[PDB]
Amino acid sequence: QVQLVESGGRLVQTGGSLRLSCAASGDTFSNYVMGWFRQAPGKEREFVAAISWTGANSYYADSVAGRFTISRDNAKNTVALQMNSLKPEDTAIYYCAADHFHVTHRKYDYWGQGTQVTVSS
Amino acid sequence: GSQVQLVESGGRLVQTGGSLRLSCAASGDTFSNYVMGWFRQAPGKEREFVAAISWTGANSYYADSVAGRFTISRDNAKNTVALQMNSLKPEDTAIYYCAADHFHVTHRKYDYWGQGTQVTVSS
Amino acid sequence: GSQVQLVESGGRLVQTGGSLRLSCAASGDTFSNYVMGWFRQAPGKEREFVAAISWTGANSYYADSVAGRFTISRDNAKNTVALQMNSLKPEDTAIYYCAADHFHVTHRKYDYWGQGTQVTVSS
Amino acid sequence: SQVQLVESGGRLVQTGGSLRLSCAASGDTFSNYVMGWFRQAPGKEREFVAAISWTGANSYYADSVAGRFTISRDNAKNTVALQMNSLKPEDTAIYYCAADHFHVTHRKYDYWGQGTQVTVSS
Amino acid sequence: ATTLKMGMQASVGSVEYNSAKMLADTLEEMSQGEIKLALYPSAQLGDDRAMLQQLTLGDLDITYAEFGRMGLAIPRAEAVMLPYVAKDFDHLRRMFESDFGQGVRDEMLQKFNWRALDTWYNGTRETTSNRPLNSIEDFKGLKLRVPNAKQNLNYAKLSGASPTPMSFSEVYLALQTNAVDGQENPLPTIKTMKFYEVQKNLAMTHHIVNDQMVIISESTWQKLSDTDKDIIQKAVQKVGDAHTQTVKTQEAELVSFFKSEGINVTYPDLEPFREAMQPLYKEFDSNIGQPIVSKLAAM
Amino acid sequence: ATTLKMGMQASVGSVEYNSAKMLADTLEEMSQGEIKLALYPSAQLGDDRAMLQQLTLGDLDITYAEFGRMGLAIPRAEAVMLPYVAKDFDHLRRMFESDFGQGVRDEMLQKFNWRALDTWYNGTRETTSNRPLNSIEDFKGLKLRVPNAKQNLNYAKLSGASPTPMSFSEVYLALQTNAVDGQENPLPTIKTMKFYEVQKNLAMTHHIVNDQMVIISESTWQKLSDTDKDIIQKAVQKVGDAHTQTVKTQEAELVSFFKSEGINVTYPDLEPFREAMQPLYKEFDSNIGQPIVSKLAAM
Amino acid sequence: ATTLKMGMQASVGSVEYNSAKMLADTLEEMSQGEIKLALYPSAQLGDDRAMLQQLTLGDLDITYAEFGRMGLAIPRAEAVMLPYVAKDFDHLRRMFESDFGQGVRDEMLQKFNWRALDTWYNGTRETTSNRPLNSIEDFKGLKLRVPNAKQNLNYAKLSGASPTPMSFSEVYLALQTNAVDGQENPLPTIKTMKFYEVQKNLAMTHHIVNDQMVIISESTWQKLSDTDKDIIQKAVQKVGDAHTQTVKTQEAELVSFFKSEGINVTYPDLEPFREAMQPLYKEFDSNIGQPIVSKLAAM
């Protein structure tokens, strides 16, 4: 059992950069692939980024390719999502999620409380 | 009113060979529209038919267990039905139920019921 | 419903280090329905729980004061409960009470009680 | 022949409490066998508790329970019992009835029960 | 947070267990993780009497028990489970809520630290056997397993088997080895336990209707906040509506299921069974010192 | 052993029943099981008159009755129950202990096999209604239930009310059906029977003081040992002390209870009720052939 | 006494009507002639919208309505019936049972004089048609009757049919005359109304789950005594358990039956319908001013 807590949510502008952080607790952090998912109001959950146990593999949605960077720290038990060149379309609640493997046919096992990102024009 | 409300009275402690009269007061729908019946139940069992009386009192029906001992009667002015019980024995100990139905029936349960008066016969 | 009547025996004058077996005879309601307990009281003092035994004898409960020295047992054929007391010291001097209840309890009285038997332990 | 063993008694009891275990035996003649009680707590190897001779004249006990537990047998009813007193959380284990022709410590008992769980809560 | 512990005789995969894990989940979700329910099934803590005793002493938090099982502590309560006195779950539940029922529940709490939060339907007990039971006489000489309850013993005794008390965990074996010829239970457990694989006959005897009260330790209850109490009561009611419900559905299907497993189903005439109980009812009134038979049967 | 049978109209949860159960418990304890008391409440054996008739014929052992209810058999005894003649329980006890009272008690025993062992306070009767009763004028046209007792009927007729005799078991239905507008009873029974749930008003009229005799069948009494007789006599007085105090304690508390249950409570002027009973007393003396009302009132 | 008037669109022989009589009978019996319930079926007083308006003004006492139908008065309430948002009844009942559902239940009572006493399962809506409907692709140019409800219409349009709003009484004839190609309802309704006689195909689309709240006029409720309120509250809860069960049972039986009547039944792929509703969930949340669909779907 893993517990996830996101931090970083802010009002940022168009073209701005924002760093989100997620603190993981409970089970051994390096046993898990860490992912970031996002939801805008009305819209289904979008996969954003995922990072393998060691950070060697990274997975990204095309909507954020080149703009976002996911990274992890297995000593501090945190994963980070560095966001650059946002704009309002990135306005959403961003969720930190964990699973033993990266999966696309199904829902990650573990999730947070979410953190709100607002990009104003 | 579409339905009949029934209230039995008479339940008492009595001895073997004694006599007891139960009475049932009916309210609601027109009393003369109904065949009035008496049923009794001991714990664990089926309700036993005791007696029934036709709308006008012309026909009367009785269980073999109570023949000659029990008498059913009705009063369509006072809207009451009565059960005169004589020569009671301990096996007559039961809760006695007043019941109403539009016709006398044996394949089915009467439509309307009071909840009964307890008759206790001592040995 | 029906209650339990209890009569203790065995109370005696004994010496320090001595052993004494108390017995309690139960009558009335079914002996196997009850947890049987032993309690003791010195002049004044609040009831003191000593020991209890479950319906079948599988569970036993003891006060810390007697945990190693005293043993409770029951006989559901003879309808008796017994308390074997060993290594008695003078502070064990008391009236010992047989008590019955449907379950072992600590928040209240047991339901039923004997007349008590006096145990005197001499220095 | 073979001997079959069935334990009963397993319960939740509290610290300082007492509990009675019983084991019912059938098959070969009950008095041909020394009866034993063994227990295993999670994390540990099966531990010897007590053993009793054919007639009940000899009794064997672990130092951990020597003053607290008492073993007995009934050759009429073909049962062996373990009276446990002053139970502690450390006594929490699944308790096994076991049979062998006589008590052995260098090797494991021949025939075995199938366990009754004792949970001791503080 | 608080983690409450519930013990039960029923095993995983029973209708009783599925509801308690469902119950675990519901509190686990509506309380946002602040009330947790740990489960201890298969009588690992003891039988219902032992677990009831643990609740009274504050050592176990929640358990199942039938309303008639309260007769172990409150003798008049045994009347509701007297064989054939209760007709159906509705009749039995009416007893539970009557002034008599509330009186028992008040005495349960404040002499024995037992809070009945709700009671569910668990089914009407039928009789299985290795030989056919067409009439009251097919019971003569039948070695019938019963539980660790007087009224099940009375039912076996008064129809004429020689009863054999046995713990719920040992039953499948005694039927498999024909150590006992029959046993008596409601149908949903009869399957879940797989009693039918070792049983060739099902004797629709309808002899006792079982409820399935959820009891919490009163000492644990006062330890919860008013918000927690509502979540629990209502969650318990949530699962009870489903549980009672599930049982009625299964009892409607499973008689046919057993037929499809070559089970012989016999509907014996129950009138001699109901008649065999008349001396028992009389005596019980006398044992309580006040009539309650006639009152309960009429509810 | 000897098992005595006690009947009463009061239902479980009443002060009368609780006292009867306390008597049953104490008798079995003080006799170590040789005296048993079976209870038959809720008028299942009949009303007080029917059960009194059973004692006279030796078919029932013990029952409750008011000293004024003895007017059913000994007409002069009804005077103690005439509305407002007895001021409080102590006054009624003095009537009970007087030579007149002692005379009735002898006639009860000799002619009707009734041995009054004690008499307790059962409360002072008040009036409930669906409309407010501020003054005596408000009773006009009031559909007031009364027991089948002449002096309750007289209170209601001299009310200005329309009296409706009906059994104690039917009273609640009739208030909920508003088949009657009001009923009349002591406050402890009004709570126990939950009459306040179906009555919006309470009129503290204090019109009749009820005692409660414990009566044993004389033929049963003479069959008891002197040892049993002592046990019973001592238990009855011990339970009566509790009963009398319980009624007094409740009657002091029950009023706010009703108000906090939104009951409208009216202290009407009693003088016009009181004057209305002056022609009735002259009656009673004339019917009995000897003046008695003034004698009793002065005790 | 009190005579309450209940209106419904459902006709005699429907589960809604049978439950409403069953209620009416329980009311008259449990109250002993006290409370009578007059029934006005087949929409003779108007449709559910008209009868709801009659309750608000105190002109009608009781009627049926689904929780999503409250969107006529409390717009956010329509979300509960948005196609496919609630999978099944337990989910819908949980929505009714959440804090959101109880803001709605409070607003109904205070602003519109609607007290929801309970809500029952009335079935999950399927699609009947004169041509086979293997996929969402087949709906196109289908003249599909829908009710006098926006969310049933939304299902039709976004599936691509041409929606025809029509009163429930006119449907059978509109199918008979092929003025309409199909209609949409739960199976117990398709049977009771005999739509299958005029419809050759049945498409299990599972698009809307229907509950059915029992609504009493608040002004009528407040003229009642507390005992009447309890009687009514117990009654509706009891018939609802039966009503909910009958729907569950019939829903399990009826597919085989319609087959026995030469009905061609198609289990179309339901993901293509859930994509069609994605923009509707968007539109709804944006219109209301606050996101809710993801709320309810997650309960």
# chains A, B, ... in the order shown; residues from 1 in each chain; ligands from 1
>>> calpha_fit_rmsd(fixed="chain F", moving="chain G")
0.3 Å
>>> residues_around(residues="segment 51-66 of chain D", least_positions_apart="3", cutoff="12 Å", atoms="only C-alpha atoms", output="ChimeraX atom specification")
/D:29-39,47-48,69-76,78-88,90-91,96-105,109
>>> write_last_selection(atoms="N, CA and C atoms", output="CSV table (one decimal), in the first residue's frame")
chain,number,residue,atom,x,y,z
D,29,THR,N,-4.2,-48.3,19.6
D,29,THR,CA,-4.6,-48.2,21.0
D,29,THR,C,-3.9,-47.0,21.6
D,30,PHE,N,-4.7,-46.2,22.2
D,30,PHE,CA,-4.3,-44.9,22.7
D,30,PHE,C,-3.2,-45.0,23.7
D,31,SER,N,-3.3,-46.0,24.6
D,31,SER,CA,-2.2,-46.2,25.6
D,31,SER,C,-0.9,-46.7,25.1
D,32,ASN,N,-0.8,-47.0,23.8
D,32,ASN,CA,0.5,-47.4,23.3
D,32,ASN,C,1.4,-46.1,23.0
D,33,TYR,N,0.8,-44.9,23.1
D,33,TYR,CA,1.5,-43.7,22.6
D,33,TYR,C,1.7,-42.7,23.7
D,34,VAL,N,2.9,-42.1,23.7
D,34,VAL,CA,3.1,-40.9,24.5
D,34,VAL,C,2.5,-39.7,23.7
D,35,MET,N,1.7,-38.9,24.4
D,35,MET,CA,1.0,-37.8,23.8
D,35,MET,C,1.8,-36.5,24.1
D,36,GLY,N,1.8,-35.6,23.1
D,36,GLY,CA,2.6,-34.4,23.2
D,36,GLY,C,1.8,-33.2,22.7
D,37,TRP,N,2.1,-32.0,23.2
D,37,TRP,CA,1.6,-30.8,22.7
D,37,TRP,C,2.7,-29.9,22.2
D,38,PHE,N,2.6,-29.4,20.9
D,38,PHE,CA,3.5,-28.6,20.3
D,38,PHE,C,2.8,-27.3,19.8
D,39,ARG,N,3.6,-26.2,19.7
D,39,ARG,CA,3.0,-25.0,19.2
D,39,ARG,C,4.0,-24.3,18.3
D,47,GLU,N,7.6,-25.5,18.4
D,47,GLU,CA,8.1,-25.6,19.8
D,47,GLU,C,7.4,-26.6,20.6
D,48,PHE,N,8.2,-27.4,21.3
D,48,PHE,CA,7.7,-28.4,22.2
D,48,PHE,C,7.1,-27.7,23.4
D,69,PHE,N,1.6,-24.4,32.5
D,69,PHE,CA,0.8,-25.4,31.8
D,69,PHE,C,0.9,-26.7,32.5
D,70,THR,N,-0.2,-27.4,32.4
D,70,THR,CA,-0.3,-28.8,32.9
D,70,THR,C,-0.9,-29.7,31.8
D,71,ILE,N,-0.3,-30.8,31.6
D,71,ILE,CA,-0.7,-31.8,30.6
D,71,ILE,C,-1.3,-33.0,31.4
D,72,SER,N,-2.4,-33.6,30.8
D,72,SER,CA,-3.1,-34.7,31.4
D,72,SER,C,-3.7,-35.6,30.2
D,73,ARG,N,-4.0,-36.8,30.5
D,73,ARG,CA,-4.6,-37.7,29.5
D,73,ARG,C,-5.7,-38.5,30.2
D,74,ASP,N,-6.6,-39.0,29.3
D,74,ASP,CA,-7.7,-39.9,29.8
D,74,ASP,C,-7.7,-41.1,28.8
D,75,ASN,N,-7.2,-42.2,29.3
D,75,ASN,CA,-7.2,-43.4,28.5
D,75,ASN,C,-8.5,-44.1,28.4
D,76,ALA,N,-9.5,-43.7,29.2
D,76,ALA,CA,-10.9,-44.2,29.0
D,76,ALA,C,-11.5,-43.5,27.8
D,78,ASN,N,-9.8,-41.6,25.7
D,78,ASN,CA,-8.8,-41.5,24.6
D,78,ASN,C,-8.6,-40.0,24.3
D,79,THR,N,-8.3,-39.2,25.3
D,79,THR,CA,-8.0,-37.8,25.1
D,79,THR,C,-6.8,-37.4,25.8
D,80,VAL,N,-6.1,-36.4,25.3
D,80,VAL,CA,-5.0,-35.7,26.0
D,80,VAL,C,-5.4,-34.2,26.1
D,81,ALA,N,-5.1,-33.6,27.2
D,81,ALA,CA,-5.5,-32.2,27.5
D,81,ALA,C,-4.3,-31.4,27.9
D,82,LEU,N,-4.3,-30.1,27.6
D,82,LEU,CA,-3.4,-29.1,28.0
D,82,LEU,C,-4.1,-27.9,28.7
D,83,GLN,N,-4.0,-27.9,30.0
D,83,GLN,CA,-4.5,-26.7,30.8
D,83,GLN,C,-3.4,-25.6,30.8
D,84,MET,N,-3.8,-24.5,30.2
D,84,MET,CA,-2.9,-23.3,30.1
D,84,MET,C,-3.4,-22.2,31.1
D,85,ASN,N,-2.5,-21.8,31.9
D,85,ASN,CA,-2.8,-20.7,32.9
D,85,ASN,C,-1.8,-19.5,32.6
D,86,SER,N,-2.2,-18.3,33.1
D,86,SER,CA,-1.4,-17.1,33.0
D,86,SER,C,-0.9,-16.9,31.6
D,87,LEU,N,-1.8,-16.9,30.7
D,87,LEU,CA,-1.5,-16.8,29.3
D,87,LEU,C,-1.0,-15.4,29.0
D,88,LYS,N,0.0,-15.4,28.1
D,88,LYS,CA,0.6,-14.1,27.7
D,88,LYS,C,0.5,-14.0,26.1
D,90,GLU,N,2.9,-13.7,24.2
D,90,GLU,CA,3.9,-14.6,23.7
D,90,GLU,C,3.5,-16.0,23.6
D,91,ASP,N,2.4,-16.4,24.2
D,91,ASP,CA,1.9,-17.8,24.0
D,91,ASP,C,1.0,-17.9,22.8
D,96,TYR,N,-0.5,-27.8,18.4
D,96,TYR,CA,-0.6,-29.1,17.8
D,96,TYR,C,-0.6,-30.2,18.8
D,97,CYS,N,-1.6,-31.1,18.7
D,97,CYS,CA,-1.5,-32.4,19.4
D,97,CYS,C,-0.7,-33.4,18.6
D,98,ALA,N,0.2,-34.2,19.2
D,98,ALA,CA,1.1,-35.1,18.6
D,98,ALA,C,1.2,-36.4,19.4
D,99,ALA,N,1.5,-37.5,18.6
D,99,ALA,CA,1.6,-38.8,19.2
D,99,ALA,C,2.9,-39.5,18.7
D,100,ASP,N,3.5,-40.2,19.6
D,100,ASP,CA,4.6,-41.1,19.3
D,100,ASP,C,4.7,-42.2,20.3
D,101,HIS,N,5.4,-43.3,20.0
D,101,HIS,CA,5.4,-44.4,20.9
D,101,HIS,C,6.0,-44.1,22.3
D,102,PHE,N,7.0,-43.2,22.3
D,102,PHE,CA,7.5,-42.6,23.6
D,102,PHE,C,8.1,-41.2,23.2
D,103,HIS,N,8.3,-40.4,24.2
D,103,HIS,CA,8.9,-39.1,24.1
D,103,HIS,C,10.3,-39.1,23.4
D,104,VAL,N,10.5,-38.2,22.4
D,104,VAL,CA,11.7,-38.1,21.7
D,104,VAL,C,12.0,-36.6,21.6
D,105,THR,N,13.3,-36.2,21.6
D,105,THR,CA,13.7,-34.8,21.4
D,105,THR,C,14.6,-34.6,20.3
D,109,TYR,N,8.1,-36.0,16.1
D,109,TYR,CA,7.0,-36.9,16.5
D,109,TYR,C,6.4,-37.5,15.2
>>> calpha_fit_rmsd(fixed="chain B", moving="chain C")
0.6 Å
>>> select_by_dssp(residues="chain D", states="strand (DSSP E or B)", output="ChimeraX atom specification")
/D:3-8,12-14,18-27,34-40,47-52,59-61,69-74,79-84,93-100,111-112,116-121
>>> interface_residues(of="chain E", to="chain D", cutoff="12 Å", atoms="only C-alpha atoms", output="list in words")
residues 5, 7, 9, 40, 42, 43, 44, 45, 46, 47, 48, 49, 50, 51, 52, 53, 54, 55, 57, 58, 59, 60, 166, 167, 169, 170 and 173 of chain E
>>> interface_residues(of="chain E", to="chain G", cutoff="10 Å", atoms="only C-alpha atoms", output="list in words")
residues 29, 30, 241, 245 and 249 of chain E
>>> write_last_selection(atoms="C-alpha atoms", output="CSV table (one decimal), in the first residue's frame")
chain,number,residue,atom,x,y,z
E,29,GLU,CA,-15.2,4.0,1.9
E,30,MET,CA,-17.8,6.1,3.6
E,241,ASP,CA,-30.7,-5.1,3.3
E,245,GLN,CA,-32.0,-10.1,0.4
E,249,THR,CA,-33.0,-15.2,-3.7
>>> residues_around(residues="segment 118-120 of chain G", least_positions_apart="6", cutoff="10 Å", atoms="only C-alpha atoms", output="list in words")
residues 16, 64, 65, 66, 67, 89, 92, 93, 96, 210, 211, 212, 213, 214, 215, 233, 236, 237, 238, 239, 240, 241, 242, 243, 244, 245 and 247 of chain G
>>> closest_residue(among="E:190, E:144, E:158, E:208", to="residue 272 of chain E", atoms="only C-alpha atoms")
E:158
>>> residues_around(residues="residue 68 of chain F", least_positions_apart="5", cutoff="12 Å", atoms="only C-alpha atoms", output="ChimeraX atom specification")
/F:73-83,85-86,92-93,95-96,101,104-105,119,149-152,208-213
>>> write_last_selection(atoms="N, CA and C atoms", output="PDB file, in the first residue's frame")
ATOM      1  N   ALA F  73     -68.436  -6.258  45.291  1.00  0.00           N
ATOM      2  CA  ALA F  73     -68.900  -7.325  46.169  1.00  0.00           C
ATOM      3  C   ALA F  73     -69.461  -6.813  47.488  1.00  0.00           C
ATOM      4  N   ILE F  74     -68.943  -5.700  48.001  1.00  0.00           N
ATOM      5  CA  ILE F  74     -69.289  -5.160  49.316  1.00  0.00           C
ATOM      6  C   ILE F  74     -69.633  -3.696  49.075  1.00  0.00           C
ATOM      7  N   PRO F  75     -70.892  -3.375  48.760  1.00  0.00           N
ATOM      8  CA  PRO F  75     -71.185  -2.059  48.160  1.00  0.00           C
ATOM      9  C   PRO F  75     -70.630  -0.865  48.922  1.00  0.00           C
ATOM     10  N   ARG F  76     -70.675  -0.872  50.257  1.00  0.00           N
ATOM     11  CA  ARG F  76     -70.210   0.295  51.001  1.00  0.00           C
ATOM     12  C   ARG F  76     -68.744   0.603  50.726  1.00  0.00           C
ATOM     13  N   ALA F  77     -67.961  -0.401  50.329  1.00  0.00           N
ATOM     14  CA  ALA F  77     -66.538  -0.183  50.098  1.00  0.00           C
ATOM     15  C   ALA F  77     -66.265   0.757  48.932  1.00  0.00           C
ATOM     16  N   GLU F  78     -67.214   0.914  48.008  1.00  0.00           N
ATOM     17  CA  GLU F  78     -66.992   1.801  46.871  1.00  0.00           C
ATOM     18  C   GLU F  78     -66.808   3.254  47.292  1.00  0.00           C
ATOM     19  N   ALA F  79     -67.255   3.621  48.496  1.00  0.00           N
ATOM     20  CA  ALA F  79     -67.222   5.022  48.904  1.00  0.00           C
ATOM     21  C   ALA F  79     -65.805   5.581  48.891  1.00  0.00           C
ATOM     22  N   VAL F  80     -64.809   4.756  49.225  1.00  0.00           N
ATOM     23  CA  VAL F  80     -63.437   5.245  49.257  1.00  0.00           C
ATOM     24  C   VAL F  80     -63.005   5.703  47.871  1.00  0.00           C
ATOM     25  N   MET F  81     -63.693   5.238  46.831  1.00  0.00           N
ATOM     26  CA  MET F  81     -63.377   5.549  45.445  1.00  0.00           C
ATOM     27  C   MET F  81     -64.259   6.639  44.850  1.00  0.00           C
ATOM     28  N   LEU F  82     -65.242   7.138  45.593  1.00  0.00           N
ATOM     29  CA  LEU F  82     -66.044   8.254  45.112  1.00  0.00           C
ATOM     30  C   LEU F  82     -65.133   9.419  44.732  1.00  0.00           C
ATOM     31  N   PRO F  83     -65.393  10.093  43.614  1.00  0.00           N
ATOM     32  CA  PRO F  83     -64.455  11.124  43.160  1.00  0.00           C
ATOM     33  C   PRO F  83     -64.212  12.170  44.235  1.00  0.00           C
ATOM     34  N   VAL F  85     -63.197  12.159  47.257  1.00  0.00           N
ATOM     35  CA  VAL F  85     -63.422  11.953  48.681  1.00  0.00           C
ATOM     36  C   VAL F  85     -62.098  11.732  49.405  1.00  0.00           C
ATOM     37  N   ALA F  86     -61.231  10.887  48.847  1.00  0.00           N
ATOM     38  CA  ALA F  86     -59.896  10.656  49.393  1.00  0.00           C
ATOM     39  C   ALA F  86     -58.935  11.723  48.881  1.00  0.00           C
ATOM     40  N   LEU F  92     -56.372   7.591  52.089  1.00  0.00           N
ATOM     41  CA  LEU F  92     -56.933   6.307  51.680  1.00  0.00           C
ATOM     42  C   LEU F  92     -56.441   5.175  52.578  1.00  0.00           C
ATOM     43  N   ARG F  93     -55.156   5.196  52.943  1.00  0.00           N
ATOM     44  CA  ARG F  93     -54.629   4.172  53.839  1.00  0.00           C
ATOM     45  C   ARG F  93     -55.325   4.227  55.191  1.00  0.00           C
ATOM     46  N   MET F  95     -58.464   5.204  55.682  1.00  0.00           N
ATOM     47  CA  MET F  95     -59.731   4.524  55.436  1.00  0.00           C
ATOM     48  C   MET F  95     -59.533   3.014  55.456  1.00  0.00           C
ATOM     49  N   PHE F  96     -58.450   2.549  54.827  1.00  0.00           N
ATOM     50  CA  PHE F  96     -58.145   1.124  54.750  1.00  0.00           C
ATOM     51  C   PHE F  96     -57.876   0.536  56.130  1.00  0.00           C
ATOM     52  N   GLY F 101     -62.725   0.041  57.355  1.00  0.00           N
ATOM     53  CA  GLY F 101     -61.867  -0.700  56.448  1.00  0.00           C
ATOM     54  C   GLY F 101     -61.654  -2.126  56.911  1.00  0.00           C
ATOM     55  N   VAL F 104     -64.655  -4.277  56.070  1.00  0.00           N
ATOM     56  CA  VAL F 104     -64.696  -4.717  54.679  1.00  0.00           C
ATOM     57  C   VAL F 104     -63.710  -5.855  54.451  1.00  0.00           C
ATOM     58  N   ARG F 105     -62.498  -5.728  54.994  1.00  0.00           N
ATOM     59  CA  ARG F 105     -61.480  -6.748  54.772  1.00  0.00           C
ATOM     60  C   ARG F 105     -61.923  -8.093  55.333  1.00  0.00           C
ATOM     61  N   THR F 119     -51.799  -2.778  50.803  1.00  0.00           N
ATOM     62  CA  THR F 119     -52.288  -1.877  49.771  1.00  0.00           C
ATOM     63  C   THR F 119     -51.226  -0.830  49.471  1.00  0.00           C
ATOM     64  N   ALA F 149     -66.195   0.914  35.652  1.00  0.00           N
ATOM     65  CA  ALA F 149     -66.252   1.180  37.084  1.00  0.00           C
ATOM     66  C   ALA F 149     -67.209   2.337  37.322  1.00  0.00           C
ATOM     67  N   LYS F 150     -68.118   2.168  38.286  1.00  0.00           N
ATOM     68  CA  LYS F 150     -69.209   3.124  38.453  1.00  0.00           C
ATOM     69  C   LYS F 150     -68.689   4.518  38.779  1.00  0.00           C
ATOM     70  N   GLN F 151     -67.640   4.612  39.597  1.00  0.00           N
ATOM     71  CA  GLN F 151     -67.198   5.919  40.070  1.00  0.00           C
ATOM     72  C   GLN F 151     -66.390   6.667  39.020  1.00  0.00           C
ATOM     73  N   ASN F 152     -65.682   5.952  38.144  1.00  0.00           N
ATOM     74  CA  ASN F 152     -65.111   6.611  36.976  1.00  0.00           C
ATOM     75  C   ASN F 152     -66.212   7.093  36.041  1.00  0.00           C
ATOM     76  N   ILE F 208     -59.548  11.134  41.385  1.00  0.00           N
ATOM     77  CA  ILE F 208     -59.621   9.897  42.159  1.00  0.00           C
ATOM     78  C   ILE F 208     -58.221   9.432  42.535  1.00  0.00           C
ATOM     79  N   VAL F 209     -58.047   9.051  43.797  1.00  0.00           N
ATOM     80  CA  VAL F 209     -56.803   8.459  44.276  1.00  0.00           C
ATOM     81  C   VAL F 209     -56.925   6.942  44.217  1.00  0.00           C
ATOM     82  N   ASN F 210     -56.009   6.305  43.493  1.00  0.00           N
ATOM     83  CA  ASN F 210     -55.979   4.856  43.348  1.00  0.00           C
ATOM     84  C   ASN F 210     -54.963   4.251  44.307  1.00  0.00           C
ATOM     85  N   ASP F 211     -55.417   3.310  45.129  1.00  0.00           N
ATOM     86  CA  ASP F 211     -54.518   2.408  45.828  1.00  0.00           C
ATOM     87  C   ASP F 211     -54.319   1.159  44.967  1.00  0.00           C
ATOM     88  N   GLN F 212     -53.645   0.146  45.507  1.00  0.00           N
ATOM     89  CA  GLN F 212     -53.510  -1.126  44.799  1.00  0.00           C
ATOM     90  C   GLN F 212     -53.286  -2.217  45.842  1.00  0.00           C
ATOM     91  N   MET F 213     -54.355  -2.932  46.177  1.00  0.00           N
ATOM     92  CA  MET F 213     -54.246  -4.056  47.092  1.00  0.00           C
ATOM     93  C   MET F 213     -53.605  -5.255  46.405  1.00  0.00           C
TER      94      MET F 213
END
>>> interface_residues(of="chain B", to="chain G", cutoff="8 Å", atoms="only C-alpha atoms", output="number ranges by chain")
B: 3-5, 28
>>> write_last_selection(atoms="C-alpha atoms", output="mmCIF file, in the first residue's frame")
data_model
loop_
_atom_site.group_PDB
_atom_site.id
_atom_site.type_symbol
_atom_site.label_atom_id
_atom_site.label_comp_id
_atom_site.auth_asym_id
_atom_site.auth_seq_id
_atom_site.Cartn_x
_atom_site.Cartn_y
_atom_site.Cartn_z
ATOM 1 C CA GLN B 3 -62.401 -2.708 4.551
ATOM 2 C CA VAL B 4 -63.594 -4.200 7.829
ATOM 3 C CA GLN B 5 -62.036 -3.658 11.258
ATOM 4 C CA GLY B 28 -65.983 -0.098 8.487
#
>>> interface_residues(of="chain D", to="chain C", cutoff="6 Å", atoms="only C-alpha atoms", output="PDB file with N, CA and C atoms, in the first residue's frame")
ATOM      1  N   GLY D  17      -5.060 -14.922  31.412  1.00  0.00           N
ATOM      2  CA  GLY D  17      -6.143 -15.869  31.317  1.00  0.00           C
ATOM      3  C   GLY D  17      -5.679 -17.310  31.259  1.00  0.00           C
ATOM      4  N   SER D  18      -6.661 -18.198  31.381  1.00  0.00           N
ATOM      5  CA  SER D  18      -6.470 -19.640  31.342  1.00  0.00           C
ATOM      6  C   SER D  18      -7.346 -20.223  30.242  1.00  0.00           C
ATOM      7  N   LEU D  19      -6.843 -21.259  29.571  1.00  0.00           N
ATOM      8  CA  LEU D  19      -7.548 -21.887  28.460  1.00  0.00           C
ATOM      9  C   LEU D  19      -7.329 -23.391  28.474  1.00  0.00           C
ATOM     10  N   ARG D  20      -8.379 -24.150  28.140  1.00  0.00           N
ATOM     11  CA  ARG D  20      -8.281 -25.605  28.112  1.00  0.00           C
ATOM     12  C   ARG D  20      -8.326 -26.127  26.681  1.00  0.00           C
TER      13      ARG D  20
END
>>> residues_around(residues="segment 153-156 of chain E", least_positions_apart="4", cutoff="9 Å", atoms="only C-alpha atoms", output="PyMOL selection string")
chain E and resi 82-83+139+142+144-149+160-165+207-208+273+277+280
>>> residues_around(residues="residue 88 of chain A", least_positions_apart="2", cutoff="12 Å", atoms="only C-alpha atoms", output="list in words")
residues 11, 12, 13, 14, 15, 16, 40, 85, 86, 90, 91, 92, 117, 118, 119, 120 and 121 of chain A
